[PDB]
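For reference, the structure is listed below as structure tokens.
Coordinate-derived values only; no laboratory data. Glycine gets a Cβ as well: all are built from the backbone with ideal geometry, and neighbour counts include every protein chain shown.
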Amino acid sequence: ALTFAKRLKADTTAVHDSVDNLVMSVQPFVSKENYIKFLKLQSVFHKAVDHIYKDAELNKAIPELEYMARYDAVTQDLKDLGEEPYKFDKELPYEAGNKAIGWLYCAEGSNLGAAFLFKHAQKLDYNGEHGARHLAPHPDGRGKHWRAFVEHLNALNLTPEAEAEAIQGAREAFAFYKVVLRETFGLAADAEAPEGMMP
Ligand code: HEM
């Protein structure tokens, strides 16, 4: 684990895969209702990181970071299907500091691998202009855009104890994503995909 980015990854791949499994478990693209529940979920998570993509300091460290946010697009997708911007019951996490850097990674990385999701959403007749705006690949190409993003993440070079809090934040970002998922899909507390399942 050299770079800060490859360390965030190393430490969170496990929980990442459990999310991958949990998302696939609830059949997101099986029907329309389900894809709508999938959007509500994406909506809550992205709402929860919107203040972080828009944070003034981080926007100084990462040029145009604020224009990378995808909550805006998710609200547009919900509209697409005659839906009001979903509203979460409780009050959303509003993280800051080192931990917030972990949420950002979690969020920006999901745009990287969103390829798989985008591919299955298009079957359901959804894409960049209708229903799947937030899953569409970045105009500069997922890989390029992500490598560019990783550059600035690594450039932050915070104290090793800071990078630590960020990894702790990325882990909590993932856990939270699952809490939201469980509630949106009517799953019990701590519900996880069938054990042993692999992507
Ligand atoms: C069924 C849904 C999902 C699938 C199939 C999936 C798949 C993938 C794949 C295959 C990659 C590797 C991309 C590459 O290196 O080219 C990736 C990266 C990533 N995904 Fe997911 N993912 C899913 C959901 C999520 C969600 C909902 C989050 C966030 C809450 C998430 C966060 C990330 C992050 C942070 C990365 C970057 C990993 C890195 O450091 O390279 N993923 N995903």
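So what's the gap between the Cα centers of segment 4-66 and segment 78-144, to the nearest angstrom? Their Cα centres are 6 Å away from one another.
In sequence order, segment 192-198 has phi-based couplings of 10, 4, x, 4, x, 5, 10 Hz under the Karplus curve 6.51 cos²θ - 1.76 cosθ + 1.60, θ = phi - 60°, and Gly or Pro positions carry x.
3J(HN,Hα) along segment 78-87, derived from phi through the Karplus expression 6.51 cos²θ - 1.76 cosθ + 1.60 where θ = phi - 60°, amounts to 4, 3, 2, 9, x, 10, 8, x, 2, 10 Hz, with x in place of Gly and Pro. Sorted ascending by nearby beta carbons within 10 Å, beginning with the fewest, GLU192, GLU183 become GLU192, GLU183. Distant-in-sequence amide contacts of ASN127, defined by a placed amide H-H separation under 5 Å and a gap of 5 or more residues or a different chain, comprise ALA132. Angle between the Cα long axis of helix 160-184 and the longest principal axis of the chain, 0 to 90 degrees, nearest 10? Approximately 10 degrees, to the nearest 10.
Normalised by the empirical 2.2 N^0.38 Å for globular proteins, what value does the Cα Rg of the chain take?
Numbers: Rg = 16.2 Å, N = 199, 2.2 N^0.38 = 16.4 Å.
Computed over Cα atoms of the chain, the ratio equals 0.98.
Each label was represented as a point 7 Å from its Cα along the Cα-to-Cβ direction; for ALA188 and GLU33 these points are 2.1 nm apart.
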